[PDB]
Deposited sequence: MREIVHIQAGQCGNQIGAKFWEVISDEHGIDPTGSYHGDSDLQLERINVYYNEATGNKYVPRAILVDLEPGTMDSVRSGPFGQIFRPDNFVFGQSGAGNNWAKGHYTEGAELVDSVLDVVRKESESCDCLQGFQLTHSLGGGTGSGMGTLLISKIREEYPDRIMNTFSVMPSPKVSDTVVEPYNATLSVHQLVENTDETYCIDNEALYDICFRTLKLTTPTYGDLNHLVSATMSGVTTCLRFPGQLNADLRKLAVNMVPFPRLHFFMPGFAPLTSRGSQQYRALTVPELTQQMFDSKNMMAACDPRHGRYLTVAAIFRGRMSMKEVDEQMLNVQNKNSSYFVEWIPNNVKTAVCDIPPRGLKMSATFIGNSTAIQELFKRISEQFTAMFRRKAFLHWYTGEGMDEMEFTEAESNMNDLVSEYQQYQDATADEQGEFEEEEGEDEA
């Protein structure tokens, strides 16, 4: 398990997907020109996981940048690391989906998917032992949602024995008050349930609430939000990019984090919360489990934890981490299910991220994630009951049955979390 094929689709995906490379290239000592100018061997031991090494000591990210709107390729290139990506992988259409999922999934996107798959095969052939596929995108739009899920499905067909992992941004009226996004999220959650093995839930509602009430920013931008997203994506990919005591890969993550196939929606968190531009161990373990620190606006104390993986970064007594983590499971024993023994797993990393000296990233499989899907489903029910703007979908090829089926599958998911939330051992 070494190689990963990272893809970023649509406006949102490319935005967080570009921030992802900017933060990890800095971590691994790679500059905007692809040259390595670090001072540690720990940065290159697993550098091939996300980078394809070239001639002249060059490191090209294994990254495929996709979108239907040709403007997104312009904003990525004008960034600091905007020319490190291989030009051959840039695939950009001419007509954006205009927040329409059906255009992404069935018409405009579907005419361009073969151009992306051709690129995927090229990168996958250069893999000595490919692990699987990674994707960053939004659910409330047209391209990252509609085209992103089509791509997830087609790649699934040509590489069924690899693992698919996504970073998926959940819509919120507090950041985008557009009424078609409940349709697009629900249609997208329907696809992610069947086609992916593990999905990180990064909710714009939670990101807004963090930026506005915790960081005190009266008008957050896509910079304040993505500052939180890129840091989270640094955390949950640490033990994939650095040696560590475990040989953690996407499958060892899946097998030990996913007890039932459909419950693969994780709730990531990060400590300490901090704003761009501008900590003891018991504080880190405390803040990491606080509702204020979750990247999905669900209160974990309303549900139970099925599984948790928590990673620390920096210099600290690994023995103290063990004692504090055992302490959290003793004083919060009513928030961890009792029928999965040793369901919390910890790892410590030497190299912290930027600015900060301590770091603590949380990965949870919590039954409280239903509150997110309930919130979206309530907004979807209101829109769909009045058939508002429904003709913008059936006019592209969809039928009304695809709305009811994605709606039927979504509310089943809520019942499943509640079921195991009430399951006991006895």
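Residues of the deposited sequence lacking C-alpha coordinates fall in the stretches 279 to 283, 432 to 445, numbered from 1.
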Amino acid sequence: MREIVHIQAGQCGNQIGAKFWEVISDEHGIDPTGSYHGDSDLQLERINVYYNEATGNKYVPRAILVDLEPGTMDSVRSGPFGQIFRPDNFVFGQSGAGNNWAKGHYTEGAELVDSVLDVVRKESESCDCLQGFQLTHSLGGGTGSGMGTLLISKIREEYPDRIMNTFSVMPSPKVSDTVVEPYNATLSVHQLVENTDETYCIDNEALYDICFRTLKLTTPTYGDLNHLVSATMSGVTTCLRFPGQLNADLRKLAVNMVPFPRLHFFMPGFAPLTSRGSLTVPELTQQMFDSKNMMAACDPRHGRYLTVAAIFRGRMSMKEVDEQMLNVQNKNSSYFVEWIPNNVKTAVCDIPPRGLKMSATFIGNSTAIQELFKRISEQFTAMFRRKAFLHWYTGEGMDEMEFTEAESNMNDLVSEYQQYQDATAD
From here on, numbers count along this sequence of modelled residues.
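Rigid core (definition): largest C-alpha set, two forms, superposition within 1.5 Å.
Taking the root mean square of CA deviations in 8 other deposited structures of this protein after fitting on the rigid core, 238 to 246 and 197 to 205 differ, and the farther of the two is 238 to 246. With each structure aligned by its rigid core, the stretch whose Cα atoms sit farther from this model in 8 other deposited structures of this protein, between 317 to 325 and 247 to 255, is 247 to 255.
Compared with other deposited structures of the same protein, residue 171 does not meet the criterion of being unmodelled in at least one third, since all of those that resolve residues on both sides include it. Figure legend: residue 277 is marked as unmodelled in at least a third of the other comparable entries of the protein. Checked against the record, the higher mean CA B factor of 137 to 145 and 78 to 86 lies with 78 to 86.
Stretches 266 to 274 and 121 to 129 differ in mean CA B factor, with 121 to 129 having the higher one. The PDB entry assigns its highest CA temperature factor, among 169, 254, 231, 325, to 325. Ranking 366, 40, 381, 361 by Cα temperature factor from the entry places 40 first. Residue 399: CA B factor in the highest third of modelled residues in this chain (values from the PDB entry). When the CA B factors of the chain's modelled residues are split into thirds, the value for residue 50 lands in the middle one. Annotation for residue 423: C-alpha temperature factor in the middle third relative to the rest of the modelled chain, per the entry. Compared with the other modelled residues of the chain, the Cα B-factor recorded for residue 339 ranks in the middle third. Looking at the C-alpha B-factors along this chain, the one for residue 390 belongs to the middle third.
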